[PDB]
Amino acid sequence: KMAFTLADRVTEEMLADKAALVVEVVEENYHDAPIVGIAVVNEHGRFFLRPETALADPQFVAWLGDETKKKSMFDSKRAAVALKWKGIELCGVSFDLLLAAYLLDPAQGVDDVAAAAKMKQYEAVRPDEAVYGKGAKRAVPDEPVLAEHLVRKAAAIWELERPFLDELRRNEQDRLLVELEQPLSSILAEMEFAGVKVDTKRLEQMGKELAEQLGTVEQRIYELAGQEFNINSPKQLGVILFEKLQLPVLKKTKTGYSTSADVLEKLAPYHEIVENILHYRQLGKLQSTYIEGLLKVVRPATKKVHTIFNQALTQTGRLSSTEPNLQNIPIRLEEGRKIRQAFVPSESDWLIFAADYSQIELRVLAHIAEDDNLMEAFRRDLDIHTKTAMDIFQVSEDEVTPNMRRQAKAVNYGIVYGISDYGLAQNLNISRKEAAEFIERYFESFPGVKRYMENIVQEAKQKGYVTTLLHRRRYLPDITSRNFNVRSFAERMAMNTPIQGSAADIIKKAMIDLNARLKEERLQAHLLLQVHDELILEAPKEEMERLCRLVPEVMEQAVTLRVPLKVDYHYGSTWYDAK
């Protein structure tokens, strides 16, 4: 039983200076999506409004946009962006229950009010799936059922704010919410709604050229196999490789024969079909994901793509990007990297500006490990891969080969992920004995890294969780498991999550500090994309010289560690050219 007014006009008592507010968008992708209902709960009552009415009401719209009128919400960014598509500004969000729940425990996967409510045993609200249905059954119910659901969501947010802020304070996460995550949500909403302009003619032309070149490679594969088959089917490719061609079976997957990139590398000495298959797959990814996917989702009249940054998903505090994912555009191979030529500035006489932290996770490892050898390399800006090579191969600087540096780089990032000697041997295609020596030599060279790995596992066992620089937490109950595989994966999380997560906290703080400085100076430059350790902007060409100073300095100053942060930056006419 919950009393509410199904209102047919806006009243002053709905425009209080503290309220919980629901602006319901049912479509998972909320860009230009319908708003299906509005609810407001405040000290005066509980109200459902039809959006045709509220959003055409001058005083409701002014209330939405008034910073001083404070709103508690769940997934404020989804409402902010859906309102921006309706030309309505939402301001004054002072509590976001989605981000509060995420900070309390990202492993709960909270993605609706009822899941956040479960954290406090609050039962007076149903799950969105119970009301809307799943999958093909998804639908807005009849008004009275809809209005009840949205009012119970707003009433849950109203009641839950205090309990969640108190727990956040106990976990030292109250500033993490209010000074970091909530202001970042507003920034992301602006980046998503601005979108990134795409040169669809270039994409369509690359799609033409790739369709030709896939057909060439496909045919050569069939020639070498002496049979036509589905190169993307594991069953069919495994029959050709391992039964027709009689190659050795190096690894199995749960359902058959592995054809992983590392397996295929090991098979390449046996048959020329193996290099061709690796090539086809690379081309197939460019066509199926990047070319065909971007062209599907670009808005044709503006040529913009509008991704969604999920702020409340990863276990370490990173963002993720979806529909489309703009954080995995190709770079490594030149064929794919040219996709970046299609990412252009949204106005004439504008340029793309890309700035990236240089080796942030290795700098963070040096800070948190307090390892004297490591921190000195960064404090003196010495090439850390060369430094590691000189240690794992034991040679002077001049004796380090191109190949030695490659191996030492693999060791340096491997350590950050908890690599075993087995993994290092597979990655490098070298003797496991040798791999083990490399790791042993690393820990002898960087003994504070070894101490940190022992100490953080112990801390996880004693406290039940590990933390990052700005006090994000990840719980690791498997750290005590009797199963070797389960325990070992938890220990690698304990080692890695403070690294990866503290790097995520640093670039999020940079984004907030950068947006402040751009606004201070009244620059037209603004953020387009974040790619984990990089920020991509666009700006009038005339703003370039200012951004060359301002962007790296804000990024580098975002926090102060036991080593410097270092930012590299590039600009040009397309994202490809910003190298």
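All residue numbers refer to positions in the sequence shown, first residue = 1.
Higher mean CA temperature factor, per the PDB entry, when comparing 516-524 with 533-541: 516-524. Note on 506-514 vs 43-51: mean CA B-factor is higher in 43-51. Of the candidates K120, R451, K153, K338, the deposited coordinates give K338 the top C-alpha B factor.
The residue among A116, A377, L180, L333 whose C-alpha atom has the highest B-factor in the PDB entry is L333. When the modelled residues of the chain are ordered by their C-alpha B factor, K303 lands in the middle third. Placement of the Cα temperature factor of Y257 within the chain: highest third of the modelled residues, per the deposited record. For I88, the recorded CA B-factor ranks within the middle third of the chain. Only modelled residues enter the ranking. Ranked by C-alpha B-factor against the other modelled residues of its chain, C548 falls in the highest third. In this PDB entry, the Cα temperature factor of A389 sits in the middle third of its chain's modelled residues.
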